[PDB]
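Student: Structure in structure tokens, see below.
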Amino acid sequence: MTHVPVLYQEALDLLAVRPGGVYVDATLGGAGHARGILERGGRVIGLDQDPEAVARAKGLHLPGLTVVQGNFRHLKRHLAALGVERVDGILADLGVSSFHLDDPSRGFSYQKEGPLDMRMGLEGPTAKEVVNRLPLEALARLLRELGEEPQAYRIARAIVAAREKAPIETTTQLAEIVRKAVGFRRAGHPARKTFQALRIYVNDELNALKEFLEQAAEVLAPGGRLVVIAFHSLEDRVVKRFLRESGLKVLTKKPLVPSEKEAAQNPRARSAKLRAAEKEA
Ligand SMILES: C[S@@+](CC[C@H](N)C(=O)[O-])C[C@H]1O[C@@H](n2cnc3c(N)ncnc32)[C@H](O)[C@@H]1O
């Protein structure tokens, strides 16, 4: 009915906020976690590429919060433009915003009709252009690599068959095309993996993440904490590998996961994996 930010206390405790400190909330969203950092006395530089989240966040007029519209893969550059080279802590709660999920017009849901857009921000071609133009081979690779889709070729072929008939324009048309090609699927609706892959591709999520992570490690002041909450297999693996290969002190050998109570209350929270590391010296 409101939804407490995922792993709120765990994330904040790991950030070890101290009054006067400066923290980066790299995925501001509705500012749920940011509010917690402000409450603990830290200042927050919050980034978000979704124009609707940026507008909303600013409309909250929270003292101590600086909102930056932009992609976290430009973190170092944007902090430098605010006159900041080091920060005390960094948080990233990955995924789409409330608007992305509750506003069918953004085209993120295979269940709610809307145009195939899927861009969290305003950068690059839409999912519509990707599904109507990528050659079969490229399409299948995208589904396989970014969606871990076992029936990548079969789905890609169905998408090509349909688009050669008429442009694929809506989430529900794409979802039905994938559903007809796959049929029953135990794990989740047959269109889920395809939608996830297209979302990752359209937003170049994995590379943006890898770039943000290395810049985050660099700008952390001594003893500062990098805290990331991952929600799907591919991004959690990127976070896990980065942290262990980074040289940072890994604080969470195993990811922190929400209690069944939190999982019960907030479904989105069920696949959450929180990992953190510390900058030393
Ligand atoms: C799960 S929501 C954040 C919810 C937030 N923790 C709260 O408590 O309200 C993630 C936000 O990250 C943003 N986001 C995702 N990838 C991004 C990127 N590469 N650069 C900037 N913002 C990004 C989205 O637009 C979305 O608003």
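Chain lettering (A, B, ...) mirrors the order of the structure tokens, residue numbering begins at 1 for each chain separately, and ligand numbering begins at 1 in order of display.
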Enumerate residues in contact with ligand 1: an atom-to-atom distance of at most 6 Å, counting only C-alpha atoms and all ligand atoms. Format the result as a tab-separated table (two decimals) with N, CA, C and O atoms, in the first residue's frame.
Tutor:
```tsv
chain	number	residue	atom	x	y	z
A	5	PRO	N	11.17	0.64	0.92
A	5	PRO	CA	12.25	0.33	-0.02
A	5	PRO	C	12.80	-1.06	0.30
A	5	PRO	O	12.87	-1.44	1.47
A	27	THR	N	20.48	5.30	-7.95
A	27	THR	CA	19.20	4.88	-8.54
A	27	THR	C	18.12	5.48	-7.65
A	27	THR	O	17.37	4.75	-7.00
A	28	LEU	N	18.06	6.81	-7.62
A	28	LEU	CA	17.14	7.55	-6.74
A	28	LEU	C	15.69	7.07	-6.69
A	28	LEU	O	15.12	6.91	-5.60
A	29	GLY	N	15.08	6.86	-7.85
A	29	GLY	CA	13.70	6.38	-7.90
A	29	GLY	C	12.73	7.30	-7.18
A	29	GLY	O	12.63	8.46	-7.52
A	30	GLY	N	12.02	6.77	-6.19
A	30	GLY	CA	11.08	7.59	-5.45
A	30	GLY	C	11.74	8.16	-4.21
A	30	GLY	O	11.07	8.72	-3.35
A	31	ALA	N	13.05	7.99	-4.10
A	31	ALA	CA	13.84	8.48	-2.98
A	31	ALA	C	13.59	7.77	-1.65
A	31	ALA	O	13.82	8.34	-0.59
A	32	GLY	N	13.11	6.53	-1.70
A	32	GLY	CA	12.87	5.79	-0.47
A	32	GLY	C	14.14	5.61	0.36
A	32	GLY	O	14.15	5.92	1.54
A	33	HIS	N	15.21	5.09	-0.24
A	33	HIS	CA	16.44	4.90	0.50
A	33	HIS	C	17.09	6.25	0.81
A	33	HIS	O	17.67	6.45	1.88
A	47	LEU	N	21.01	10.20	-8.46
A	47	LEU	CA	20.92	10.17	-9.91
A	47	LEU	C	19.77	9.30	-10.36
A	47	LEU	O	19.44	8.31	-9.70
A	48	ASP	N	19.18	9.66	-11.49
A	48	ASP	CA	18.15	8.83	-12.09
A	48	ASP	C	18.02	9.26	-13.53
A	48	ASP	O	18.07	10.45	-13.84
A	49	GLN	N	17.91	8.29	-14.43
A	49	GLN	CA	17.80	8.62	-15.84
A	49	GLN	C	16.34	8.77	-16.26
A	49	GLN	O	16.06	9.29	-17.33
A	50	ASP	N	15.41	8.32	-15.42
A	50	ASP	CA	13.99	8.42	-15.77
A	50	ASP	C	13.49	9.83	-15.49
A	50	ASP	O	13.41	10.26	-14.34
A	53	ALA	N	11.03	10.15	-12.71
A	53	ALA	CA	11.54	9.99	-11.35
A	53	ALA	C	12.24	11.29	-10.96
A	53	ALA	O	12.10	11.78	-9.83
A	70	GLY	N	20.40	11.71	-15.09
A	70	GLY	CA	21.50	11.16	-15.87
A	70	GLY	C	21.72	9.69	-15.63
A	70	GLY	O	21.08	9.10	-14.76
A	71	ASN	N	22.64	9.10	-16.40
A	71	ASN	CA	22.93	7.66	-16.28
A	71	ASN	C	24.10	7.40	-15.33
A	71	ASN	O	25.15	8.05	-15.42
A	72	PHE	N	23.94	6.44	-14.43
A	72	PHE	CA	25.03	6.21	-13.49
A	72	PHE	C	26.32	5.71	-14.13
A	72	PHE	O	27.35	5.60	-13.47
A	73	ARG	N	26.31	5.46	-15.43
A	73	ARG	CA	27.54	5.03	-16.05
A	73	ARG	C	28.45	6.25	-16.29
A	73	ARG	O	29.59	6.12	-16.76
A	93	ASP	N	20.10	0.47	-6.22
A	93	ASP	CA	18.96	-0.47	-6.06
A	93	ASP	C	18.50	-0.57	-7.51
A	93	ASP	O	17.73	0.26	-7.99
A	94	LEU	N	19.00	-1.58	-8.21
A	94	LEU	CA	18.76	-1.75	-9.65
A	94	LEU	C	17.34	-2.08	-10.09
A	94	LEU	O	16.55	-2.65	-9.34
A	95	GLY	N	17.02	-1.70	-11.31
A	95	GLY	CA	15.69	-1.96	-11.85
A	95	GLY	C	15.01	-0.73	-12.39
A	95	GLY	O	15.62	0.33	-12.52
A	96	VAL	N	13.73	-0.87	-12.71
A	96	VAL	CA	12.91	0.21	-13.24
A	96	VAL	C	12.22	0.95	-12.07
A	96	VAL	O	12.20	0.47	-10.95
A	97	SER	N	11.68	2.12	-12.34
A	97	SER	CA	10.99	2.90	-11.33
A	97	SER	C	9.52	2.48	-11.23
A	97	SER	O	9.02	1.63	-11.99
A	120	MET	N	14.37	3.39	-20.07
A	120	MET	CA	14.16	3.97	-18.74
A	120	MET	C	14.35	5.46	-18.86
A	120	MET	O	13.71	6.25	-18.16
A	208	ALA	N	26.43	-0.49	-18.69
A	208	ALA	CA	26.26	0.70	-17.86
A	208	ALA	C	26.64	0.33	-16.42
A	208	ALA	O	27.32	1.10	-15.72
```
Student: Would you give me, as a PyMOL selection string, the residues in region 34-266 of chain A that DSSP reads as alpha helix (DSSP H)?
Tutor: chain A and resi 34-39+51-59+75-81+98-102+127-133+136-147+152-165+171-182+192-202+205-219+233-246+260-265
Student: I need the residues in region 56-259 of chain A that are strand (DSSP E or B) according to DSSP; give them as an MDAnalysis selection string.
Tutor: chainID A and resid 65:69 87:93 115 170 220:230 249:250 256
Student: Write the selection just made, keeping C-alpha atoms, as a PDB file, in the first residue's frame?
Tutor:
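out-v9.pdb was written with the following content:
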```
ATOM      1  CA  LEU A  65      19.268  16.049  -1.577  1.00  0.00           C
ATOM      2  CA  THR A  66      20.788  17.063  -4.901  1.00  0.00           C
ATOM      3  CA  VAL A  67      18.959  15.445  -7.840  1.00  0.00           C
ATOM      4  CA  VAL A  68      20.919  14.751 -11.007  1.00  0.00           C
ATOM      5  CA  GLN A  69      19.157  13.599 -14.157  1.00  0.00           C
ATOM      6  CA  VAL A  87      32.164  10.283  -1.528  1.00  0.00           C
ATOM      7  CA  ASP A  88      31.544   8.414   1.704  1.00  0.00           C
ATOM      8  CA  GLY A  89      29.199   5.809   0.347  1.00  0.00           C
ATOM      9  CA  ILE A  90      27.338   4.660  -2.721  1.00  0.00           C
ATOM     10  CA  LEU A  91      24.052   2.822  -3.124  1.00  0.00           C
ATOM     11  CA  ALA A  92      22.379   1.274  -6.193  1.00  0.00           C
ATOM     12  CA  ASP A  93      18.964  -0.470  -6.061  1.00  0.00           C
ATOM     13  CA  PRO A 115       3.761   0.848 -27.028  1.00  0.00           C
ATOM     14  CA  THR A 170       2.611  -3.127 -28.532  1.00  0.00           C
ATOM     15  CA  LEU A 220      34.802   6.060  -2.696  1.00  0.00           C
ATOM     16  CA  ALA A 221      36.703   7.754   0.126  1.00  0.00           C
ATOM     17  CA  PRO A 222      38.807   5.499   2.442  1.00  0.00           C
ATOM     18  CA  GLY A 223      36.506   3.225   4.417  1.00  0.00           C
ATOM     19  CA  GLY A 224      33.535   4.084   2.218  1.00  0.00           C
ATOM     20  CA  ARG A 225      30.947   1.454   1.324  1.00  0.00           C
ATOM     21  CA  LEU A 226      29.557   0.461  -2.113  1.00  0.00           C
ATOM     22  CA  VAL A 227      26.122  -1.198  -1.685  1.00  0.00           C
ATOM     23  CA  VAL A 228      24.229  -2.815  -4.594  1.00  0.00           C
ATOM     24  CA  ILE A 229      20.873  -4.616  -4.685  1.00  0.00           C
ATOM     25  CA  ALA A 230      20.572  -6.826  -7.737  1.00  0.00           C
ATOM     26  CA  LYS A 249      37.123  -5.615   0.773  1.00  0.00           C
ATOM     27  CA  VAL A 250      34.003  -7.736   0.113  1.00  0.00           C
ATOM     28  CA  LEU A 256      21.842 -10.505   1.788  1.00  0.00           C
TER      29      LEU A 256
END
```
Student: Considering only C-alpha atoms, return as number ranges by chain whatever protein or nucleic-acid residues lie within 10 Å of residue 218 (chain A), sequence-local ones (same chain, fewer than 4 positions apart) excluded.
Tutor: A: 76, 85-87, 212-214, 248, 279
Student: Here is a test: counting only C-alpha atoms, which residue of A:270, A:56, A:18, A:141 is nearest to residue 201 (chain A)?
Tutor: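 Checking each candidate against residue 201 (chain A), we get A:141 as the closest.
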Student: Do you have the CA of residue 110 (chain A)-CA of residue 192 (chain A) distance handy?
Tutor: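 A separation of 7.2 Å between them.
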Student: Here is a test: counting only C-alpha atoms, which residue of A:62, A:179, A:158, A:130 is nearest to residue 111 (chain A)?
Tutor: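 Closest to residue 111 (chain A), using only C-alpha atoms: A:179.
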Student: Using only C-alpha atoms, which of A:175, A:146, A:6, A:162 sits nearest residue 234 (chain A)?
Tutor: A:146
Student: Using only C-alpha atoms for the distances, tell me which of A:145, A:231, A:129, A:190 is nearest to residue 163 (chain A).
Tutor: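 Checking each of A:145, A:231, A:129, A:190 against residue 163 (chain A), counting only C-alpha atoms, the winner is A:129.
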Student: Can you tell me, as a compact mmCIF listing (two decimals) with C-alpha atoms, in the first residue's frame, what residues are no more than 10 Å from residue 156 (chain A) when counting only C-alpha atoms, ignoring any on the same chain fewer than 4 positions away?
Tutor:
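Contents of out27.txt, freshly written:
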```
# COMPACT_ATOMS: atom_id res chain seq x y z
CA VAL A 131 12.18 -6.14 -32.61
CA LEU A 134 17.31 -6.71 -35.94
CA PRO A 135 18.27 -9.55 -38.27
CA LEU A 136 17.12 -12.97 -37.08
CA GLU A 137 20.62 -13.97 -35.98
CA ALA A 138 21.13 -10.80 -33.90
CA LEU A 139 17.67 -11.14 -32.38
CA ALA A 140 18.31 -14.74 -31.29
CA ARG A 141 21.70 -13.80 -29.80
CA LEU A 142 20.10 -10.94 -27.85
CA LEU A 143 17.42 -13.26 -26.38
CA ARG A 144 19.91 -16.00 -25.60
CA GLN A 151 14.16 -21.12 -27.20
CA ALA A 152 15.88 -18.01 -28.58
CA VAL A 160 10.48 -12.17 -37.73
CA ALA A 161 7.46 -14.04 -39.17
CA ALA A 162 5.04 -11.66 -37.46
CA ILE A 177 3.75 -13.71 -30.38
CA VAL A 178 6.18 -15.16 -27.83
CA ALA A 181 5.83 -19.75 -30.02
CA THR A 194 12.18 -11.93 -23.95
```
Student: When you look at residue 37 (chain A) with a cut-off of 9 Å (counting only C-alpha atoms), what residues show up, excluding the ones that are within fewer than 5 positions of it in the same chain? I need them as a PDB file with N, CA and C atoms, in the first residue's frame.
Tutor:
```
ATOM      1  N   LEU A  12      21.035   0.651   4.440  1.00  0.00           N
ATOM      2  CA  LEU A  12      21.486   1.796   5.229  1.00  0.00           C
ATOM      3  C   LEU A  12      22.551   1.456   6.277  1.00  0.00           C
ATOM      4  N   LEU A  15      25.764   1.070   4.559  1.00  0.00           N
ATOM      5  CA  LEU A  15      26.298   2.340   4.093  1.00  0.00           C
ATOM      6  C   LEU A  15      27.003   3.061   5.245  1.00  0.00           C
ATOM      7  N   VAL A  17      26.088   5.400   7.346  1.00  0.00           N
ATOM      8  CA  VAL A  17      25.971   6.838   7.211  1.00  0.00           C
ATOM      9  C   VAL A  17      26.436   7.600   8.462  1.00  0.00           C
ATOM     10  N   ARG A  18      27.112   8.720   8.270  1.00  0.00           N
ATOM     11  CA  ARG A  18      27.535   9.530   9.402  1.00  0.00           C
ATOM     12  C   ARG A  18      27.189  10.977   9.052  1.00  0.00           C
ATOM     13  N   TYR A  23      26.707  10.991   0.300  1.00  0.00           N
ATOM     14  CA  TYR A  23      26.380   9.693  -0.278  1.00  0.00           C
ATOM     15  C   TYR A  23      25.739   9.801  -1.647  1.00  0.00           C
ATOM     16  N   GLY A  42      23.253  12.352   6.567  1.00  0.00           N
ATOM     17  CA  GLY A  42      24.137  12.464   5.424  1.00  0.00           C
ATOM     18  C   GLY A  42      23.519  13.276   4.314  1.00  0.00           C
ATOM     19  N   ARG A  43      24.358  13.797   3.428  1.00  0.00           N
ATOM     20  CA  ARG A  43      23.819  14.525   2.291  1.00  0.00           C
ATOM     21  C   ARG A  43      23.746  13.492   1.163  1.00  0.00           C
ATOM     22  N   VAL A  44      22.818  13.680   0.229  1.00  0.00           N
ATOM     23  CA  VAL A  44      22.652  12.755  -0.877  1.00  0.00           C
ATOM     24  C   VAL A  44      22.711  13.412  -2.263  1.00  0.00           C
TER      25      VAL A  44
END
```
Student: CA of residue 253 (chain A) and CA of residue 7 (chain A) are how many Å apart?
Tutor: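 Atom-to-atom, CA of residue 253 (chain A) and CA of residue 7 (chain A) are spaced 17.1 Å apart.
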Student: For a quick check of understanding, using only C-alpha atoms, which of A:25, A:215, A:236, A:60 has the smallest distance to residue 80 (chain A)?
Tutor: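 Ranked by minimum distance to residue 80 (chain A), first place goes to A:215.
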Student: Considering only C-alpha atoms, can you say which of A:100, A:119, A:273, A:74 comes closest to residue 235 (chain A)?
Tutor: A:273
Student: Could you state the separation of CA of residue 21 (chain A) and CA of residue 211 (chain A) in Å, given to one decimal place?
Tutor: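 About the pair CA of residue 21 (chain A) and CA of residue 211 (chain A): they are 23.8 Å apart.
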